[PDB]
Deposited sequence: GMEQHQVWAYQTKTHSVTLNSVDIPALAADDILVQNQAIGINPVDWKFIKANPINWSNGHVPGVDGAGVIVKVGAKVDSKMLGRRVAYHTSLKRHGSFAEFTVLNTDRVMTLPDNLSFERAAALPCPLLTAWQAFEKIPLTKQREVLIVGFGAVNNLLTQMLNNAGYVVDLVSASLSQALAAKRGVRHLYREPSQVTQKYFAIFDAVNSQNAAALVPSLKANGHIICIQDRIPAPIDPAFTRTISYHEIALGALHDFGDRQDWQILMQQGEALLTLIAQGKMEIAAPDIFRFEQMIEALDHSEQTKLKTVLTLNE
């Protein structure tokens, strides 16, 4: 009731340690989520390593989670209580590596009843990142696009593009032909040097020779008649107004529904217990396999 367990950042050793700290009272537009599963994203282990935004010792990392709304602030609609939600929270505030997380009420997505917490927690950062990147690209008569790398964002983005009518080629040293084809890939290149044609858009100045004039470069990173687009999902926390959030969350909900219905596929995350955060963080970073923590073990 009064305290909860958190994984708190240690600046000296670029690591997290388990502690019990007071559960905060909520602001008027805030909600308290009881986490049931916690996503690990590259940005989390990258920021743990580099501390690029000068987190204080004690800061709780973690952008992604999923769980149940158990308390709400004074101005929050009482209908939110008890909802199953997933979220992508700000890197500047205490995050998902905790039993409970404080979120803004406009910035969570309701889960389909048949979508597990563990699957949901594997989605907010890569699914919303993929959707933002997808939405940058016009649909013209030139439909050939190149995706560089395969990972959780590009898995989802490939499917979005193929579903919309784009012809998608992909660069990946070890993606199986069978999985590529399932996801809708036309040509699978095993290294960048094999790419010889030109594309309408590349999702990744070095790329310019591979672009049609007036094409698009979409940079998806945690870090002029060609249009350059930079996707930074977490920046909506700083720049998004309430309508921007409503629109995105509603689209995220729609996409979660497609996933729960089996219409868009993801590989099952590797699941660790909350207690084994350190081993999970190591696994995520070393294996690059999507990793999630569960509290239901």
Notebook entry, point to check: Going from the first residue of the deposited sequence to the last, where are the unmodelled runs?
Noted result: 1, 206-212, 232-241
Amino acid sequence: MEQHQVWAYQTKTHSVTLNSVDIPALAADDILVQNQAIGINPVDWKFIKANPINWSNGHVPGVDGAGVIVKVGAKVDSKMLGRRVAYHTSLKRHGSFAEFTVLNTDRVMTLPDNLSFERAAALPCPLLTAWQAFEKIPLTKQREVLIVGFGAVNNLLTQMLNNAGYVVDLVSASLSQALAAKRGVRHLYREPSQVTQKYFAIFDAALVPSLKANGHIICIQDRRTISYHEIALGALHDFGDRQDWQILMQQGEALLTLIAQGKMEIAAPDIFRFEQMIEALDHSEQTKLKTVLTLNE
From here on, numbers count along this sequence of modelled residues.
Check: Got a sec? Mean C-alpha B-factor, which is higher, 31-39 or 49-57?
Finding: 49-57
Notebook entry, point to check: Hey, which bit's got the bigger mean C-alpha B factor in the entry, 232-240 or 62-70?
Noted result: 232-240
Next item on the list: Compare the CA B factors listed in the entry for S116, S193, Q159, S90 and report the winner.
Entry: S193
Notebook entry, point to check: In this PDB entry, which of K79, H216, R84, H94 has the top CA B-factor?
Noted result: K79
Item checked: Among modelled residues of the same chain, the CA temperature factor third for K12 -> highest
Next item on the list: Comparing against every modelled residue in the chain, figure out the third that the C-alpha B-factor of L293 lands in (lowest, middle or highest).
Entry: lowest
Next item on the list: State the tercile, meaning the lowest, middle or highest third, of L111 with respect to the CA B-factors recorded for its chain.
Entry: lowest
Next item on the list: Report the third (lowest, middle or highest) to which the CA temperature factor of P124 belongs, ranking only the modelled residues of the same chain.
Entry: lowest
Next item on the list: Can you work out whether the C-alpha temperature factor of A98 puts it in the lowest, middle or highest third of the chain?
Entry: lowest
